[PDB]
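J.: Supplied in C-alpha cells, the structure appears directly below.
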Protein chains: 2
Amino acid sequence: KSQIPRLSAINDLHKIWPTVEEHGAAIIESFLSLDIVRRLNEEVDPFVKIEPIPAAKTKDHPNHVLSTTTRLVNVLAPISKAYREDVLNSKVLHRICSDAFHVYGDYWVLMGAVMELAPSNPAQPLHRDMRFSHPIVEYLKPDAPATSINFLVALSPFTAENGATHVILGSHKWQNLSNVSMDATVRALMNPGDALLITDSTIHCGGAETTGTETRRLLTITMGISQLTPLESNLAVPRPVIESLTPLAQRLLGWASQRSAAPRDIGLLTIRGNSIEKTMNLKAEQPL
Amino acid sequence: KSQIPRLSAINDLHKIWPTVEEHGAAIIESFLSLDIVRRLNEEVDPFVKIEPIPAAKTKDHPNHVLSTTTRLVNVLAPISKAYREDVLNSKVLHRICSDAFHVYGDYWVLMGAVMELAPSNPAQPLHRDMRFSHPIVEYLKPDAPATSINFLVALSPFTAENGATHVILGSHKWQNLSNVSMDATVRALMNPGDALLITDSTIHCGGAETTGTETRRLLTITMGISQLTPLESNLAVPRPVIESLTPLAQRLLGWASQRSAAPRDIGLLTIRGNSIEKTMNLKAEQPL
Ligand SMILES: O=C(O)CCC(=O)C(=O)O
Ligand SMILES: O=C(O)CCC(=O)C(=O)O
Ligand code: NI
Ligand code: NI
C-alpha cells in the first residue's frame with residue numbers, strides 16, 4: 001500500500017495543504033529545525049515530568065481518555081520561549097493554515113500540547129480527533145472543509161517499534177466506518193522536527209510502544225477556525241508574557257478579537273465595535 | 001395563517017422549547033418582569049444614546065450590515081446590574097437553554113445586545129442569524145440540533161406599525177429558500193418584557209417603522225453552545241464586576257472553563273486539566 005506523502009517545508013510549501021486535502025495526511029520534513037526542537041524540549045522537560053496522570057483526582061477537568069502512561073501538558077506559552085516565539089510565528093504553519101481555513105476566516109490554536117508516552121504505552125484506538133470536546137463537528141456535512149487540523153510534531157524519533165503514529169490514507173473522506181482496521185494503516189516514521197499533518201476527519205492512532213525502553217515525545221498543535229472554542233485557555237497567562245508576543249501570536253492565543261470570512265464580517269470577541277487589543281491597549285513585542 | 005404560539009413563562013415553561021422546535025418561534029409572555037425591563041432600560045439608556053452608527057470609521061470592527069438608523073450596544077455586564085444579575089440568572093432562560101443544548105453540552109452568551117431602532121427605520125431583509133460571524137453554521141447538516149437561539153426581548157411595545165419582528169413559521173426546517181417572501185410572515189406583537197424566541201435557522205426580520213415617530217427597543221440575547229465563539233468579549237470587564245456575579249453568570253461570559261456533552265468530555269478553555277476559575281482563584285457573588 002501507498003505511504004504517507006513526504007514534503008519539504010522549504011521547497012514544497014504550496015503543495016502541503018493540497019496533499020492533505022487529497023490523502024488526509026502528509027509528513028512535513030524539518031517542520032521545526034533541530035535548534036527549535038532542542039530548545040522546546042529543554043523548556044517543557046520539567047513540566048512533563050511533574051504532570052500527573054490524565055485523570056488525576058486533583059484535577060478540575062480530568063482527562064479519562066488518555067492512558068495512565070501518557071503525560072500531556074498544554075498552555076505552552078508561559079512555559080516555552082521557543083513555542084511562543086518560533087512555533088506560534090511559524091511561516092510554514094501560517095501558510096498551511098491560511099490555505100486550509102480561508103473559506104471560514106481567522107484561525108487560532110485550539111490546543112498546543114506536548115505529549116510524552118512512557119515505555120510500553122499501548123496503542124490508542126483508531127479515532128478522529130475533536131470528539132471528546134466538540135460534538136458540533138460530528139454534525140457538519142461530510143464535504144464541509146475541515147474546521148481543524150493537527151500538526152503532530154516529533155520531538156524524538158518516531159519508529160515502528162516505539163509507537164509511531166498510524167494513519168489510514170483517504171480516511172478523512174470516509175463516511176461508513178466498518179473498514180476501520182489496523183490492517184488499513186501506514187506509519188509516520190519521523191525524525192525530530194518532522195511533522196505529521198492530519199485533519200479532524202483523518203482516522204489515526206498513536207502506536208504501541210513495543211521496546212519497553214524508549215520514550216516517545218511529540219508536540220501536537222491543533223489549529224482551528226476562530227469560530228470554534230479552544231480546548232485550552234490562555235486567560236491566566238501573565239500580561240508581560242502576552243505583551244512580549246507578536247500581534248499574530250496574541251490572536252492565536254485568544255488575546256485579540258477575530259474575524260470570519262463573511263463578506264460583511266461583523267467579527268468575533270469584539271467590544272461594541274472595537275477589538276480586544278484596542279480596548280485593553282494590549283502592547284506587543286515588548287521583550288522580557 | 002397561524003400566529004406565533006404564545007406561552008407563559010410561569011405555567012408553560014416545559015412547553016417553550018418543544019414549541020420552538022416544532023414551529024421555529026414562540027412568544028414567551030412576561031419573560032422579564034416590568035421591574036427588570038424598567039431597570040434594564042434606565043441602565044442602558046445613556047449607552048444607546050452615545051453609540052455611533054454601526055459602521056462608524058472610528059471602529060476597529062465596524063458593522064456594515066445594520067442600518068444607520070440602528071443603535072446596537074453589547075457587552076452589557078459592566079453597564080447593567082439588571083442584566084448581569086437578573087437576566088443572566090434567569091430561571092426561564094436557563095431551563096430553555098438546557099432543554100435546547102443538552103445534546104451538545106454547556107452553553108453561553110454569544111451576544112447580549114440592546115438594539116434601538118430610530119423612527120422610520122426600514123425593515124431588514126428576511127434572514128437567518130449567525131451568517132455574518134459564523135460561516136461554520138451553514139455547513140451543519142439540515143437536521144442538526146440548533147447550535148444557537150435568540151431571545152428577542154421587547155423593551156418597548158412591538159406593534160405592526162412601529163416595526164414588530166416578522167417570522168416565517170416552520171422556516172427553521174426549510175432547505176430550499178425560494179418561498180422567502182414577506183407574504184409568508186406573521187408578526188410578534190409584544191408588550192415590554194415579552195420575548196420572541198427563535199433559532200439560528202428561523203427566517204425573520206425586523207419590521208418597517210411606519211409612524212415616523214415611535215422608537216422601538218429590544219434586548220437580543222443569542223445563547224449558543226460553548227463550542228462556538230461569542231460575537232462579543234468580556235475579557236476587558238473589571239474583575240470586581242466579574243467577581244460580583246454568580247458562578248453561572250461567570251460561565252456565560254467566558255470567565256469559566258466549559259464542558260461538552262461527550263460521555264468522557266475533556267472540556268473547553270481548560271488549563272492543564274484545571275478550570276479557569278480555579279487557576280485564577282476567581283471569586284463569586286462578592287457585592288460592590
Ligand atoms: O501519539 C500519537 O502519535 C497520536 C496521539 C493522538 O492521536 C491523540 O492523542 O489524539
Ligand atoms: O429588529 C428586530 O425585531 C429583529 C432584529 C434582527 O433580527 C437582527 O438584528 O438580527
Ligand atoms: Ni488523535
Ligand atoms: Ni436577526
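Residue numbers start at 1 in each chain; chains themselves are named A, B, ... in the order of the C-alpha cells; ligands are numbered from 1 in the order shown.
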Would you mind writing down, as a CSV table (one decimal) with N, CA and C atoms, in the first residue's frame, each residue of stretch 12-199 of chain A that DSSP on the backbone assigns to alpha helix (DSSP H)?
T.:
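So states.csv came out as:
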```
chain,number,residue,atom,x,y,z
A,13,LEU,N,6.2,24.0,0.0
A,13,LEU,CA,5.2,24.7,0.9
A,13,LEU,C,3.8,24.8,0.3
A,14,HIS,N,3.7,25.3,-0.9
A,14,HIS,CA,2.4,25.4,-1.6
A,14,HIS,C,1.7,24.0,-1.8
A,15,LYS,N,2.5,22.9,-1.8
A,15,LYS,CA,1.9,21.6,-2.0
A,15,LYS,C,1.4,20.9,-0.8
A,16,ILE,N,1.7,21.4,0.4
A,16,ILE,CA,1.4,20.7,1.6
A,16,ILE,C,-0.1,20.6,1.8
A,17,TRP,N,-0.9,21.7,1.8
A,17,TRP,CA,-2.3,21.6,2.0
A,17,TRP,C,-3.0,20.8,0.9
A,18,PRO,N,-2.7,21.1,-0.4
A,18,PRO,CA,-3.3,20.2,-1.4
A,18,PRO,C,-3.1,18.7,-1.2
A,19,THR,N,-2.0,18.4,-0.7
A,19,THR,CA,-1.6,16.9,-0.4
A,19,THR,C,-2.5,16.4,0.7
A,20,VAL,N,-2.7,17.1,1.8
A,20,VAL,CA,-3.5,16.7,2.9
A,20,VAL,C,-5.0,16.6,2.5
A,21,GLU,N,-5.4,17.6,1.7
A,21,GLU,CA,-6.8,17.7,1.2
A,21,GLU,C,-7.1,16.4,0.4
A,22,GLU,N,-6.1,15.9,-0.4
A,22,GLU,CA,-6.3,14.7,-1.2
A,22,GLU,C,-6.3,13.4,-0.3
A,23,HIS,N,-5.2,13.2,0.4
A,23,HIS,CA,-4.9,12.0,1.1
A,23,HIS,C,-5.2,11.9,2.6
A,34,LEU,N,16.2,21.6,14.2
A,34,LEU,CA,16.7,20.8,15.3
A,34,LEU,C,17.0,21.8,16.5
A,35,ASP,N,17.4,23.0,16.2
A,35,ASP,CA,17.6,24.1,17.2
A,35,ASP,C,16.3,24.4,18.0
A,36,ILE,N,15.2,24.5,17.3
A,36,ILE,CA,13.9,24.8,17.9
A,36,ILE,C,13.4,23.6,18.7
A,37,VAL,N,13.6,22.4,18.1
A,37,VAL,CA,13.2,21.1,18.8
A,37,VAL,C,14.0,21.0,20.1
A,38,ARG,N,15.3,21.3,20.1
A,38,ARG,CA,16.2,21.2,21.2
A,38,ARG,C,15.7,22.2,22.3
A,39,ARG,N,15.5,23.5,22.0
A,39,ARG,CA,15.1,24.5,22.9
A,39,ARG,C,13.7,24.2,23.5
A,40,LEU,N,12.8,23.8,22.6
A,40,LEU,CA,11.4,23.4,23.0
A,40,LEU,C,11.5,22.3,24.1
A,41,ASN,N,12.3,21.3,23.8
A,41,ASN,CA,12.5,20.1,24.7
A,41,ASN,C,13.0,20.5,26.1
A,42,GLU,N,14.1,21.3,26.1
A,42,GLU,CA,14.6,21.9,27.3
A,42,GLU,C,13.6,22.6,28.2
A,43,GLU,N,12.8,23.4,27.5
A,43,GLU,CA,11.8,24.3,28.2
A,43,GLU,C,10.6,23.5,28.8
A,44,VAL,N,10.1,22.5,28.0
A,44,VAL,CA,9.0,21.7,28.5
A,44,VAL,C,9.4,20.5,29.4
A,45,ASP,N,10.6,20.1,29.3
A,45,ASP,CA,11.1,18.9,30.0
A,45,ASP,C,10.5,18.8,31.5
A,46,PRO,N,10.8,19.8,32.3
A,46,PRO,CA,10.4,19.6,33.7
A,46,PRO,C,8.8,19.6,33.9
A,47,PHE,N,8.1,20.3,33.0
A,47,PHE,CA,6.7,20.3,33.1
A,47,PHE,C,6.0,19.0,32.7
A,48,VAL,N,6.6,18.2,31.8
A,48,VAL,CA,6.1,16.9,31.5
A,48,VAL,C,6.4,15.9,32.7
A,49,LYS,N,7.6,16.1,33.3
A,49,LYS,CA,7.9,15.2,34.5
A,49,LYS,C,7.0,15.4,35.7
A,50,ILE,N,6.6,16.6,36.0
A,50,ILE,CA,5.7,16.9,37.1
A,50,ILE,C,4.2,16.6,36.9
A,81,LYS,N,9.7,29.7,25.5
A,81,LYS,CA,10.1,30.8,24.6
A,81,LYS,C,10.1,30.3,23.2
A,91,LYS,N,6.3,30.4,9.7
A,91,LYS,CA,5.9,30.8,8.4
A,91,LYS,C,5.2,29.6,7.7
A,92,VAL,N,5.7,28.4,7.9
A,92,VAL,CA,5.1,27.2,7.3
A,92,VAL,C,3.8,26.9,7.9
A,93,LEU,N,3.6,27.0,9.2
A,93,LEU,CA,2.3,26.8,9.8
A,93,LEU,C,1.3,27.7,9.3
A,94,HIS,N,1.6,29.0,9.3
A,94,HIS,CA,0.6,30.0,8.9
A,94,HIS,C,0.2,30.0,7.4
A,95,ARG,N,1.1,29.5,6.5
A,95,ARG,CA,0.8,29.3,5.1
A,95,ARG,C,-0.2,28.2,5.0
A,96,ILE,N,0.0,27.1,5.6
A,96,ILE,CA,-0.8,25.9,5.6
A,96,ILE,C,-2.2,26.2,6.2
A,97,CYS,N,-2.2,26.9,7.3
A,97,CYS,CA,-3.5,27.3,8.0
A,97,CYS,C,-4.4,28.2,7.1
A,98,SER,N,-3.7,29.2,6.5
A,98,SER,CA,-4.5,30.2,5.7
A,98,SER,C,-4.9,29.5,4.4
A,99,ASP,N,-4.1,28.5,3.9
A,99,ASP,CA,-4.6,27.7,2.8
A,99,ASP,C,-5.8,26.9,3.2
A,100,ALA,N,-5.8,26.3,4.4
A,100,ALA,CA,-6.8,25.4,4.9
A,100,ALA,C,-8.1,26.1,5.3
A,101,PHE,N,-8.0,27.3,6.0
A,101,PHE,CA,-9.1,27.9,6.6
A,101,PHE,C,-9.7,29.2,6.0
```
J.: Just want the residues within 7 Å of ligand 4, written as a ChimeraX atom specification, counting only C-alpha atoms and all ligand atoms.
T.: /B:127-129,204-205
J.: Could the residues that lie within 8 Å of ligand 1, counting only C-alpha atoms and all ligand atoms, be listed as a short mmCIF file (atom, residue, chain, number, x, y, z; two decimals) with N, CA and C atoms, in the first residue's frame?
T.:
```cif
data_model
loop_
_atom_site.label_atom_id
_atom_site.label_comp_id
_atom_site.auth_asym_id
_atom_site.auth_seq_id
_atom_site.Cartn_x
_atom_site.Cartn_y
_atom_site.Cartn_z
N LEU A 66 -7.01 9.42 27.80
CA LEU A 66 -5.60 9.08 27.61
C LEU A 66 -5.18 8.00 28.60
N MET A 115 2.94 15.93 24.30
CA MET A 115 2.56 14.61 24.80
C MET A 115 3.80 13.73 24.86
N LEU A 117 4.94 9.78 25.85
CA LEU A 117 4.42 8.43 26.06
C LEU A 117 5.49 7.58 26.75
N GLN A 124 -3.35 3.61 20.84
CA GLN A 124 -4.67 4.18 21.02
C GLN A 124 -5.61 3.48 20.07
N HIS A 127 -9.15 6.56 15.74
CA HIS A 127 -10.12 7.60 16.03
C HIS A 127 -9.98 8.80 15.11
N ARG A 128 -10.98 9.67 15.19
CA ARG A 128 -10.91 11.03 14.68
C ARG A 128 -10.81 11.95 15.89
N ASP A 129 -10.08 13.05 15.75
CA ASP A 129 -9.91 14.00 16.85
C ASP A 129 -11.18 14.84 17.02
N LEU A 152 1.23 16.99 14.21
CA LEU A 152 1.87 16.08 15.16
C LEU A 152 3.38 16.14 14.95
N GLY A 163 6.28 3.13 18.59
CA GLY A 163 4.88 3.55 18.55
C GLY A 163 4.53 4.70 17.62
N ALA A 164 5.29 4.86 16.54
CA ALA A 164 4.99 5.87 15.51
C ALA A 164 3.51 5.87 15.15
N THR A 165 2.95 7.06 14.94
CA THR A 165 1.53 7.23 14.64
C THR A 165 1.10 6.42 13.41
N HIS A 166 -0.10 5.84 13.48
CA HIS A 166 -0.72 5.17 12.35
C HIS A 166 -1.76 6.10 11.73
N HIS A 204 -6.79 7.79 12.64
CA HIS A 204 -5.41 7.60 13.07
C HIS A 204 -5.35 7.15 14.53
N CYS A 205 -4.15 6.81 14.99
CA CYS A 205 -3.92 6.46 16.39
C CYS A 205 -2.44 6.46 16.70
N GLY A 206 -2.10 6.79 17.94
CA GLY A 206 -0.75 6.57 18.45
C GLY A 206 -0.47 5.08 18.44
N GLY A 207 0.77 4.72 18.14
CA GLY A 207 1.15 3.31 18.03
C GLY A 207 1.55 2.70 19.36
N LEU A 218 5.99 14.18 21.58
CA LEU A 218 5.51 14.96 20.45
C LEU A 218 4.89 16.27 20.88
N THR A 220 1.82 18.36 19.75
CA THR A 220 0.59 18.35 18.95
C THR A 220 -0.02 19.74 18.93
#
```
J.: Determine which residues of chain A sit within 7 Å of chain B, taking into account only C-alpha atoms, and present them as an NGL selection string.
T.: :A and (59-65 or 73-75 or 104 or 132-136 or 139-141 or 144 or 226-233 or 236 or 260 or 262 or 264-275 or 280)
